[PDB]
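A short write-up of the structure that comes next.
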Amino acid sequence: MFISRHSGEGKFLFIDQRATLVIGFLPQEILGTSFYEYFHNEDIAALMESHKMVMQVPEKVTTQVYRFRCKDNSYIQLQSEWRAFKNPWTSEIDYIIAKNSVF
């Protein structure tokens, strides 16, 4: 229900308008941070494996429904569709598009 874009490492590069109402973070506090900073302890291992497969195959990867820590340090449930785009000259990832559905 909100879109974010990340580096190959998971660092937030962009968040759209709709996210602050959901996760409570303003853009300037979340941009530059890794998305490993917000994953619930119960889900970070499974989400890292999804991040691995995203960096390896040029295909959509849908995560499990995971918990994302909001600004008040409570959690919300998200399911994200991830896809990385590699630069054809350096093989580096320009960004990973993240479509985050909220529950």
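Here's how to read the names in the structure tokens: chain A, B, ... by the order shown, residue numbers from 1 in each chain, ligand numbers from 1 in the order shown.
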Item checked: Those in region 9-43 of chain A with strand (DSSP E or B) from DSSP, as a PyMOL selection string -> chain A and resi 11-15+34+39
Can you pull out the residues contacting residue 66 (chain A)? Cut-off 9 Å, using only C-alpha atoms, and skip same-chain residues under 6 positions away; I want them as a CSV table (one decimal) with C-alpha atoms, in the first residue's frame.
```csv
chain,number,residue,atom,x,y,z
A,39,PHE,CA,12.3,-6.0,11.0
A,40,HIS,CA,10.9,-8.0,13.9
A,42,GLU,CA,11.1,-13.3,14.5
A,43,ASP,CA,11.3,-12.4,10.8
A,44,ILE,CA,14.7,-10.9,10.1
A,47,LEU,CA,13.6,-11.6,5.2
A,76,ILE,CA,2.6,-3.6,11.9
A,77,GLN,CA,2.3,-6.5,9.5
A,78,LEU,CA,3.6,-6.0,6.0
A,79,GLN,CA,4.0,-8.2,2.9
A,80,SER,CA,6.5,-6.8,0.4
```
Note to self: Which residue is closest to residue 2 (chain A)? Choose from A:101, A:63, A:50, A:87 and count only C-alpha atoms.
What the structure shows: A:101
Notebook entry, point to check: Between CA of residue 24 (chain A) and CA of residue 70 (chain A), what is the distance, to one decimal in Å?
Noted result: 5.8 Å
